[PDB]
Amino acid sequence: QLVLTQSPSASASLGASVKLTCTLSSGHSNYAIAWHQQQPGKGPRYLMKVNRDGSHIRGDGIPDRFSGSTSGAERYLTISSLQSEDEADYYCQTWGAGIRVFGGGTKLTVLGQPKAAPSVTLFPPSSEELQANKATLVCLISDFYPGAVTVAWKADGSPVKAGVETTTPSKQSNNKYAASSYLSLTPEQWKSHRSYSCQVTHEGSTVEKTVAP
Amino acid sequence: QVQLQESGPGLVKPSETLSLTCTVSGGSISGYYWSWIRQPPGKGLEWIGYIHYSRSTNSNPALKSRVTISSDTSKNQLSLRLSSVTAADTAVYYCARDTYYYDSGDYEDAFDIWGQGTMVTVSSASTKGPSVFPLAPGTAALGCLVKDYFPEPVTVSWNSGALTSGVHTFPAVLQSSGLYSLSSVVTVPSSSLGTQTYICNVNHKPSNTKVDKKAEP
Ligand SMILES: CC(=O)N[C@@H]1[C@@H](O)[C@H](O)[C@@H](CO)O[C@H]1O
């Protein structure tokens with residue numbers, strides 16, 4: 001059966017090169033492939049076709065930092081001068097008789113990007129939401145790298161664990177991370193405390209924001 | 001300038017038939033194979049099948065008993081029908097332009113243009129439009145909180161699309177109710193707060209909901 005084998009992840013430093021690999025099953029070792037890129041949150045886009053003879057043809061608009069090559073049953077995508085936007089999932093794909101097949105995808109991490117401390121904004125429940133007899137506190141965590149944080153909520157200094165939802169950090173258009181945490185309360189709970197706080201820990205340092213009814 | 005656009009219901013019940021269309025603009029569907037592909041949330045790409053308007057159609061061996069792909073030359077459209085759906089069919093569905101066949105019968109393999117994708121959720125739950133609340137504000141953050149909608153997705157733009165810089169729309173959170181919520185935020189200069197207005201435009205196509213909300217100081 002026609003199989004394209006990709007390992008699930010690869011890693012290299014900002015500004016370095018990386019060579020992603022796709023291996024064809026032995027009965028199809030002379031096939032051409034296509035490489036596709038899927039940046040976080042987006043649909044796929046075509047990068048290039050890599051031919052059996054080692055030649056490759058990039059899609060229109062694809063940077064020349066992307067190149068392709070071949071060795072036996074192996075098909076390669078080499079990305080040079082790695083930039084933050086190259087963090088993406090890369091899929092190889094081929095053409096058989098009456099069938100097309102994708103590899104499992106390779107997630108590329110680009111290491112060593114500039115460190116950035118989070119900017120935290122804490123929003124109280126809006127008057128409109130309180131008039132709808134609901135209350136959400138929204139803790140916005142912006143512009144940080146690397147992309148891992150922990151969040152702790154408190155009510156008048158006592159920890160609050162119930163009703164907390166926190167998103168996995170997502171890359172912003174400026175290539176730094178953002179994340180959000182929500183604390184769900186009743187209006188009566190909101191109005192009963194002197195204040196609520198959101199504490200964000202990033203790389204061993206904490207940033208705290210407080211709001212009051 | 002060939003572009004592909006998928007469309008179809010965003011919500012179907014288990015055992016129903018999912019029906020999608022792929023409309024091609026900027027070029028004809030003639031001569032090419034056109035493929036359907038899907039991606040369950042957080043998973044890889046799966047080829048569903050393809051069609052050439054005069055040559056052949058075929059589908060993935062694992063889906064073939066449920067897959068029917070067709071074409072409509074007058075509408076410049078491809079279609080996918082997937083019968084007897086279950087939660088395993090919840091996915092973003094794409095079409096793509098595939099191999100070109102010359103009328104000599106020779107060909108050049110390709111897979112070079114993708115559509116934008118359309119999200120389909122298989123569930124017996126009913127559609128629900130969102131409630132939108134402002135997040136009121138030398139930089140400041142402001143935003144909109146988009147609560148309690150189903151299914152995904154919602155789109156959020158700012159100032160009717162005129163504001164695209166400090167904008168970030170977050171991944172949705174799945175509530176224990178089975179509904180989704182998200183927020184969208186913008187970082188603006190503090191000096192603009194007393195003069196520039198900021199209005200989020202929330203679109204939820206599955207419920208045909210459209211809401212504008214001003215985030216005012
Ligand atoms: C329409 C179609 O599937 N054409 C395929 C072609 O893409 C593939 O390169 C070749 C492999 O031998 O087999 C043909 O049947």
Side-chain angles (χ1 to χ4, degrees), chain A residues 1-6 21-36 44-59 68-77 91-105, chain B residues 2 4 20 22 24 27-38 44-73 76-82 93-115:
Chain A
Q1 304 67 354
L2 176 62
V3 178
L4 290 175
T5 299
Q6 293 183 88
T21 77
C22 177
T23 301
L24 279 149
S25 44
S26 60
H28 315 89
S29 57
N30 285 335
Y31 280 19
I33 66 145
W35 286 106
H36 307 275
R45 71 174 179 163
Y46 167 78
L47 295 182
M48 70 179 63
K49 177 166 67 172
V50 179
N51 297 317
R52 173 208 67 75
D53 70 347
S55 68
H56 73 278
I57 170 61
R58 283 196 318 281
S69 60
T70 298
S71 184
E74 317 309 312
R75 302 288 181 277
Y76 299 119
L77 172 68
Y91 293 91
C92 58
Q93 170 263 314
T94 195
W95 306 266
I99 192 169
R100 281 81 181 96
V101 174
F102 290 87
Chain B
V2 173
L4 283 50
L20 306 175
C22 173
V24 175
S28 170
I29 61 174
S30 75
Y32 294 89
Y33 279 82
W34 299 87
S35 276
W36 285 99
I37 311 97
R38 68 183 182 175
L45 300 167
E46 172 180 34
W47 185 75
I48 301 169
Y50 67 0
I51 183 156
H52 178 295
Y53 81 129
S54 71
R55 279 188 61 95
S56 73
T57 185
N58 201 16
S59 54
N60 184 319
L63 301 175
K64 177 174 297 199
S65 68
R66 300 191 294 131
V67 163
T68 301
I69 301 163
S70 58
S71 66
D72 187 326
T73 42
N76 217 48
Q77 270 190 3
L78 305 317
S79 63
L80 168 65
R81 286 189 36 252
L82 181 67
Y93 286 76
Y94 299 91
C95 55
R97 198 177 68 187
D98 202 312
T99 300
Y100 186 75
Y101 269 77
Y102 305 96
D103 317 88
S104 69
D106 193 27
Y107 61 96
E108 178 180 355
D109 278 332
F111 213 95
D112 61 338
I113 304 179
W114 292 79

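We count ligands from 1, going down the list as the structure has it; atoms in each ligand are counted the same way. The figures here come from the full heavy-atom set of this structure, side chains too, leaving out hydrogens, waters and symmetry mates. Letters go in sequence order (proteins before strands), and every chain restarts at 1.
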Q. Do the side-chain N and O atoms of A/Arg100 and B/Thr99 include a donor-acceptor pair separated by under 3.5 angstrom?
A. yes
Q: Please confirm whether B/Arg38 makes a cation-pi placement over B/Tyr93, using NZ or CZ under 6.0 Å from the six-membered ring centre and within 45° of the ring normal.
A: no
(Q) Could you walk me through whether A/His36 and B/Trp114 satisfy the ring pair (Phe, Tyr, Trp, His ring centres under 6.0 Å) test, starting with their C-alpha distance in whole Å, then the side-chain angles of each, then the deciding distance to 0.1 Å, before giving a yes or no? (A) CA-CA 10 Å; A/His36 307 275; B/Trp114 292 79; 5.2 Å; yes
Q.
If the cut-off is 4.0 Å to any non-hydrogen atom of B/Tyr33, which atoms of ligand 1 fall inside it?
A. 1 (C)
Q: Using distance alone, with no hydrogens and no angle criterion, decide if A/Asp53 and A/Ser55 have a side-chain donor and acceptor under 3.5 Å apart.
A: yes
Q: Identify, for atom 5 (C) of ligand 1, the protein heavy atom at the shortest distance, and state residue, atom and that distance.
A: A/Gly96 O, 3.5 Å
Q) Any idea which part of A/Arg100 is under 4.0 Å from ligand 1, heavy-atom wise: side chain, backbone, both or neither? A) side chain
Q: Please identify which atoms of ligand 1 are closer than 4.0 Å to at least one heavy atom of B/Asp109.
A: 6 (C), 7 (O), 8 (C), 9 (O)
Q. Can you tell me which residue and heavy atom of the protein come closest to atom 4 (N) of ligand 1, and the distance to 0.1 Å?
A. B/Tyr101 OH, 2.9 Å
Q | Nearest-contact summary for atom 10 (C) of ligand 1 - protein heavy atom, Å | A | B/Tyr107 OH, 3.5 Å
Q) Hey, are A/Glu74 and A/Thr21 close enough side-chain-wise for a donor-acceptor pair under 3.5 Å? A) no
**Q.** Options B/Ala110, B/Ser56, A/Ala97, ranked by nearest heavy atom to atom 14 (C) of ligand 1, top entry
**A.** A/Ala97
Q. Do B/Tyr101 and B/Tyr33 have ring centroids that are under 6.0 Å from one another?
A. yes
Q. Considering only heavy atoms, which of B/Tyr50, A/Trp95, A/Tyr31 lies nearest to atom 2 (C) of ligand 1?
A. B/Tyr50
Q) Does any donor atom in the side chain of B/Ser35 or B/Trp47 lie under 3.5 Å from an acceptor atom in the other side chain? A) yes
Q. What atoms of ligand 1 come closer than 4.0 angstrom to any heavy atom of A/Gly98?
A. 3 (O)
